[PDB]
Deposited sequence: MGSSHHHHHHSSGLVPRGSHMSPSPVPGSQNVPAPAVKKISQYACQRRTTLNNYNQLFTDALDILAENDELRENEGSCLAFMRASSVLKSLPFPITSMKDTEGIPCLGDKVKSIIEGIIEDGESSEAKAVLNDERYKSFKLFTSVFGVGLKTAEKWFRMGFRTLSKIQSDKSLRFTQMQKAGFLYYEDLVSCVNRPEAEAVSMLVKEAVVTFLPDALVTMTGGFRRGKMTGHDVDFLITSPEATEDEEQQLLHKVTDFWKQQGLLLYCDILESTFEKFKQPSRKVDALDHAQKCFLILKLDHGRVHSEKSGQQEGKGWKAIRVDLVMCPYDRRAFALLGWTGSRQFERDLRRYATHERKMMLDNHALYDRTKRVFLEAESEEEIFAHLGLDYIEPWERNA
């Protein structure tokens, strides 16, 4: 009776994936298209994977794909092949491809993205040992930290670790802004058991423009004094690596944790929370829906109505969804 929407923001996606055989293969094909600079094909496989993640049952025949959007002929051929023998020949070929294997291995280092991974591959590098020991290569400060804390950063962050980090963030923040509201965002807010990092949104109802600007500098200087700041890059947001002492979590005695902090003006806290909760696919479809379906412009700071020529205010995520004409999707339902 009700048709599944092509937009992740109009679907409820919980962590209960009944189609991991299909979505793990589609995620690999998407990743390969990203690497081959085929943005369009990458996005089409990411949307197909996203829609299957929303299904309340596993696909067991081609009839089960009827009425599902984002599944064109190429995607249906991949699903048909997996139904046939439990494997994707297309995803198998990508997993065995030398360029794909090198890109996965190289980008697993913090500070190494698509361009540096492509550069190293075209130079003839295939292993991290050969890259690290090379006498000609020059590494960014980010990459140096990425190699130094590699084992800790490649292991993912669990909930006891995320909670321990939350305590450290809150303790540091209230020291400089006692009325500040600190919220854990990202995957952990969506109910995830693990993550590659821990993200936080910080806002204060009484802080000045200058106080708001200085908070991230004060909090990171405090941690630098404590010898807990392993890496720091302040852009308002900051990308950090913190030293998490084992005793704080309920070998070396500590673990390197990737932490991101975002500071926003109090009146924009709902837009920032919505943008930083994710998932990435849910955020893209929210913005795409706003543009193509409502003629609205949405970002982490505001919502603008082009037709009415007015900014739309929101004190909560629920008010953003209502402005967009969308049913409210809970954070644990945004795992698109």
Counting from 1 along the deposited sequence, the ranges with no C-alpha atoms are 1 to 36, 272 to 291, 307 to 314
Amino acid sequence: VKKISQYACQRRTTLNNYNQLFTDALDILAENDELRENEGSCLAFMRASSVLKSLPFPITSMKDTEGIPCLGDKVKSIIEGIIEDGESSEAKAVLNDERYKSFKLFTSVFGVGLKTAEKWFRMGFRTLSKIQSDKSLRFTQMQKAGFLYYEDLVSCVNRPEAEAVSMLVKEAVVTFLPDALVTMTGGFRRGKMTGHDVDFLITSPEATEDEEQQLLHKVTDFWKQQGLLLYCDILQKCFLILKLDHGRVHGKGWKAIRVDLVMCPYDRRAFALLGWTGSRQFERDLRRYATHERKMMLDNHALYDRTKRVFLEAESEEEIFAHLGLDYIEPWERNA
From here on, numbers count along this sequence of modelled residues.
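Take the two forms, find the largest set of C-alpha atoms that superpose within 1.5 Å, and that set is the rigid core.
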Please tell me which region, 220 to 228 or 127 to 135, has C-alphas lying farther from the displayed form on average in 9 other deposited structures of this protein, with superposition done on the core. 127 to 135
Relative to the presented form, and with the rigid core used for superposition, do the C-alpha atoms of 35 to 43 or of 50 to 58 deviate more in 9 other deposited structures of this protein? 35 to 43
So, looking at the entry's B-factor column for Cα atoms, which has the higher mean, 190 to 198 or 85 to 93? 85 to 93
Where do the C-alpha atoms have the higher mean temperature factor in this entry, in 95 to 103 or in 218 to 226? 218 to 226
Whose C-alpha has the highest temperature factor in the PDB entry: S108, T140, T185, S77? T140
According to the Cα B-factor stored in this entry, which of the following is highest: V259, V112, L148, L71? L148
Using the temperature factors of the C-alpha atoms in this entry, rank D267 within its chain: lowest, middle or highest third. highest
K3: CA temperature factor from the record, placed by chain third, in the middle
